[PDB]
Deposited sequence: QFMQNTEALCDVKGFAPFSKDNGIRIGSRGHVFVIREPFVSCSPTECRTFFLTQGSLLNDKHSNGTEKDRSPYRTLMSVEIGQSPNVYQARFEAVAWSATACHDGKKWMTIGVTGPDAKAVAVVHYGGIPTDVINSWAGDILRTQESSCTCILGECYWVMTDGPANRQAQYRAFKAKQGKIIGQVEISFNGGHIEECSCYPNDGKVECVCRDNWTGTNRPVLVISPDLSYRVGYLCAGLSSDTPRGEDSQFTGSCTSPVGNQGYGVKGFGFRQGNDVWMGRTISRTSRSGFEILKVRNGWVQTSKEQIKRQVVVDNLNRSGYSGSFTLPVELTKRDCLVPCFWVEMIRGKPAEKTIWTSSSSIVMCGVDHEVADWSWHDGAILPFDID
């Protein structure tokens, strides 16, 4: 049976802690991959954490830091990314994964920068390929893809990381690419889309790495018509970004004139929006989630909820979205969840290596207090 995933996303008032893997703490002694770019995706029976290894273990000389050793692997949600619980998925230095109700689809991108290859896998074997079409680091979401009615959808970019690039959406059935579309977005920039199903469409909130401090939004229909623009809200959710009091929103255009960025996410809540962001404006530190009234449709600054998940003295990193399927929840709507990556090590910290751990939160019908579920590893390590 294919998962329909045609339901509305649930409207939620707060987010509760789902899991914490403690991967780095455990890796001081246990056998745990150096990783980065973790993400969560669910099947009808379980949620799993996916991650890009460096082909090396914490506290080993090989952790010394797009290589040909990076692989996509997965564990059950809340397990550390440890060697002896890991399932191999793909050769990959960029990836996305999702389940259609019947099997896991994973996409791993590997190969040379000038001519990369994305291998689509379905049920644990390779089934199709997409080669780079613009010759400049073909790359993808680093979070869950989205499956509706047995067809799965994802976004890729090829081109410069800091100026205009090219963006395509793809649709597959049972691991075969059956459609694609080029997304026209002159002046805009899309990287590392965080996508989820809502009302029979794929809604993605992405990263502008060129000039925008606000985030791109892309809404794809099953026939690959789409709409694209920027998240309307009058609060900026990229990093780096400027102060909220100097920010004016835009539904159409990049605002803030700053480079760089970080993968993040948001969720539509009718006309409102939940948006995540690092607490710091200049560095990947802290993590808060804000609900903004009419923030999906207008340049609103009307904050109605805020929750802190990692405090501002502690490192954060990427964040991303996924949903709980109704075959697990028995709800009439899709429950929205997110993860946060907490990066440790170089160059900010004096270590030879870099890795991350994660925390996962899911939408519930009550507000939840602020706290900090930070990484908690004690650096440097023995190897340093």
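Engineer: Counting from 1 along the deposited sequence, which stretches were left out of the model?
Structural biologist: No C-alpha coordinates exist for 66-69, and that is the only such stretch.
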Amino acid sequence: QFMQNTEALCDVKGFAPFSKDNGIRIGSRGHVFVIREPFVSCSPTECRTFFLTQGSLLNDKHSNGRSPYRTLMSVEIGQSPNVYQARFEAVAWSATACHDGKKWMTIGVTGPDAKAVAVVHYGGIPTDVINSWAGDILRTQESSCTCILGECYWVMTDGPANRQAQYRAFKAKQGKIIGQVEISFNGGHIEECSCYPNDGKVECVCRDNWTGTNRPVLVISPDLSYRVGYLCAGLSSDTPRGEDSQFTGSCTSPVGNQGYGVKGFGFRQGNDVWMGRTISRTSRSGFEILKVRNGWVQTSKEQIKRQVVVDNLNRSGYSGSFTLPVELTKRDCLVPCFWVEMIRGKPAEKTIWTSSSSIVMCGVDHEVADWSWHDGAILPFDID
From here on, numbers count along this sequence of modelled residues.
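Engineer: Quick one: say whether 217-225 or 76-84 has the higher mean Cα B-factor in the deposited entry.
Structural biologist: According to the entry, 217-225 carries the higher average C-alpha B-factor.
Engineer: Which has the higher mean CA temperature factor in the PDB entry, 330-338 or 54-62?
Structural biologist: Here the higher of the two C-alpha B-factor means belongs to 330-338.
Engineer: Please pick out which of 301, 139, 99, 189 has the largest Cα B-factor as recorded in the entry.
Structural biologist: So the option with the highest C-alpha B-factor is 301.
Engineer: Highest Cα B-factor in the PDB entry belongs to which of 194, 209, 257, 106?
Structural biologist: Comparing C-alpha B-factors across 194, 209, 257, 106, the maximum falls on 257.
Engineer: Would you mind checking where the Cα B-factor of residue 296 ranks among the modelled residues of its chain, as the lowest, middle or highest third?
Structural biologist: Middle third.
Engineer: Splitting the chain's C-alpha B-factors into thirds, which one does residue 154 fall into?
Structural biologist: Bottom third by C-alpha B-factor.
Engineer: Is residue 45 in the lowest, middle or highest third of its chain when residues are ranked by C-alpha B-factor?
Structural biologist: Within its chain, residue 45 is a highest-third residue by C-alpha B-factor, going by the deposited values.
Engineer: Based on the deposited C-alpha B factors for this chain, I'd like to know if residue 128 is in the lowest, middle or highest third.
Structural biologist: According to the entry, residue 128 has a C-alpha B-factor in the chain's middle third.
Engineer: What third of the chain, by the recorded C-alpha B-factor, contains residue 288?
Structural biologist: Answer is middle: the recorded C-alpha B-factor places it there.
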